[PDB]
Amino acid sequence: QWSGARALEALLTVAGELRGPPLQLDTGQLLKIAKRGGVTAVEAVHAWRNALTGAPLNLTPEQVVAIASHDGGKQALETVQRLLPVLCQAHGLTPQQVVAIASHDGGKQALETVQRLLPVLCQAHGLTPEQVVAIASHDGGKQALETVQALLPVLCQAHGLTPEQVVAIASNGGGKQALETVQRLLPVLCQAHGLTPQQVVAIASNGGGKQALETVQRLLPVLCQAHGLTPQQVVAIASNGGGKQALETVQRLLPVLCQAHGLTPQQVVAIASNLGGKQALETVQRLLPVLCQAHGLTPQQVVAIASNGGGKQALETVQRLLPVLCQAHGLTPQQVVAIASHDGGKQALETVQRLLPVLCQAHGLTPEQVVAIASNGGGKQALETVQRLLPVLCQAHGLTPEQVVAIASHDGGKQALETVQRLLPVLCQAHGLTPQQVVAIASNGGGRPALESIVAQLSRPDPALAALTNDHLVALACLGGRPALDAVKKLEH
DNA sequence: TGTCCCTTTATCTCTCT
DNA sequence: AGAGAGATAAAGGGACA
């Protein structure tokens, strides 16, 4: 008999128990833990179900699943119940910060290293606790924290980096590797190739940073003489996760895409210059003639879809869904292109296929409004949030559907909608803002933090902003969101 | 196997003007 | 509004005890 059977049966038995109180986990949550944390993590959750949920830690089940669902999940669960009170009371961290550090492979190691190194990194190295938390909150967080402790001085003194830069480099998975590589390669890339430290940090500050830097050192000469790429173009391609893969693929496919399809080098660089750039390039090479065939999509439009993170997914999804979206739901191909041309274009396309009939018939939106909401990053999330919150926002809060659509139709739309639903009553009732003013603040990228900043200034007034009326604060918040409010505080004092 | 660390890709949100 | 950046997450491989 297959050996995994006994372990599988154990998994399934324990999993069934966890559907009961006090966690009541669903099928998804259960598979998620089993998939990454394994059967030991599933058993640890059950074993420590009571100690985690209520007094003293009071963790949500979502927080328990998030800690459990990684390699060493069992170890992280034990460690959190032990160290969460310590880190909150002895270092002044929030439970949310402790859970964030815990929620990665080897979270035990990160937690214990934070407990050990936070004081010396803050006192002897000048870091804030937030920076230590951010360094800790990735796979290998322990290695990154120890490497920041060791290398912060030589990186700032011998190599000219700021602590912000070092923290930025450290704050990715593999952070130790990127730090050690930047130490070695910063003089090489700057002096031999005329890169600024700022360009080097940008290349370093992603997962696999070590790989991208070494690949830039290796390929920059070939790319910038043979192919005729500029150093700036190479830096842009390198400055994303999978940067090594994107750079090697540009070397491969730049002449192929230009000659076989008449794409420009600038168009190829743009496609390469996203997360998954390698996948996007290879997919364009395969699919462009399939998409463009017989006055179909233009190359221009194919390039546009491809020129976002996960562009491969958007391209394949357009190939799948262009006909049904146009036949059944009556969209123009220009509209499908618009929806596809953002990060997560695949998710947005599939969500439009799924929710266009419902938002139209059940909620009285136009296809144009559904398209407008879908046509931003996180379009799927905004569409699902509009479906969920249109009734309470309209019926209980007095907003028109037009206003809801406007709030929804920006990056972060979901966050803006949920924040309006939350804070509209206190902003209007308690502080006298009009609904239209609240809608205006929320109808921008960064809607959520702009609303939260306003709420904070109205609830716990900072004298630095006191000279501004509510109307002036609204104007500032619409103009530049949270950053503008913060920028204004700094100007005052 | 269980755990830790590293890399790549995809998705979501916010900033910067 | 459209170009950068972090943020979060899934998932695979190397390593080793």
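FYI, side chains are in, hydrogens and waters are out, and symmetry mates aren't considered; it's all heavy atoms of this structure. Letters A, B, ... are given to chains in the order of the sequence lines, protein chains preceding strands, and every chain is numbered from 1.
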Please give, in whole Å, the distance from [N] [atom2] to [X] [atom1]?
X        : N      : atom1 : atom2 : value
A:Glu164 : C:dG6  : CD    : P     : 13 Å
A:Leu8   : B:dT1  : CG    : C1'   : 16 Å
A:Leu111 : B:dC4  : CG    : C1'   : 14 Å
A:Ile169 : B:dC6  : CD1   : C1'   : 17 Å
A:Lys176 : B:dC4  : NZ    : P     : 17 Å
A:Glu282 : B:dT8  : CD    : P     : 14 Å
A:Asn206 : C:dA7  : CG    : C1'   : 12 Å
A:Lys142 : C:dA15 : NZ    : P     : 19 Å

Stepwise side-chain contact (heavy atoms from CB on, under 4.5 Å) check, A:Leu59 with A:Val80: CA-CA 10 Å; A:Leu59 289 186; A:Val80 165; 4.2 Å; yes
Any residue of residues 404-413 of chain A with a heavy atom less than 4.0 Å from an atom of DNA chain B: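 Residues of residues 404-413 of chain A that come under 4.0 Å of DNA chain B are, in numerical order, A:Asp411, A:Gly412.
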Should [X] be listed as having a side-chain N or O under 4.0 Å from OP1 or OP2 of [N]?
X        : N      : result
A:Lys32  : C:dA10 : yes
A:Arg36  : C:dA10 : no
A:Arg448 : B:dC14 : yes

Upstream residue (5' side of DNA chain C) when A:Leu275 and A:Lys35 are each assigned their closest nucleotide: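 That would be A:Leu275.
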Derivation of the side chain to side chain donor-acceptor pair (under 3.5 Å) call for A:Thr60 and A:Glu62: CA-CA 5 Å; A:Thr60 75; A:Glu62 290 209 318; 5.2 Å; no
Check: A:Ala464 main-chain N/O paired with A:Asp462 side-chain donor or acceptor under 3.5 Å: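 A pair under 3.5 Å: yes.
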Stepwise side-chain contact (heavy atoms from CB on, under 4.5 Å) test for A:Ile407 and A:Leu399: CA-CA 11 Å; A:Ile407 296 161; A:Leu399 300 184; 4.2 Å; yes
Residue pairs, two or more places apart or on separate chains, that pass side chain to side chain donor-acceptor pair (under 3.5 Å) and touch residues 405-416 of chain A: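 Non-adjacent pairs meeting side chain to side chain donor-acceptor pair (under 3.5 Å): A:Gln381-A:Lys414, A:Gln415-A:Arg448.
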Salt bridge present between A:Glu316 and A:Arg320 (N-O < 4.0 angstrom):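 The answer is no: the pair does not qualify as a salt bridge.
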Between A:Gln266 and A:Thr264, a side-chain donor and acceptor under 3.5 Å: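 Result is yes, a qualifying pair exists.
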Candidate nucleotides B:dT13, B:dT9, B:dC5, ranked by approach to the side chain of A:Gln109 - the nearest: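 Nearest listed nucleotide: B:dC5.
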Touch class at under 4.0 angstrom, heavy-atom based, for A:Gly377 against every strand present: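 Touches a base.
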Touch class at under 4.0 angstrom, heavy-atom based, for A:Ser205 against every strand present: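 The residue A:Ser205 makes sugar-phosphate contact but no base contact.
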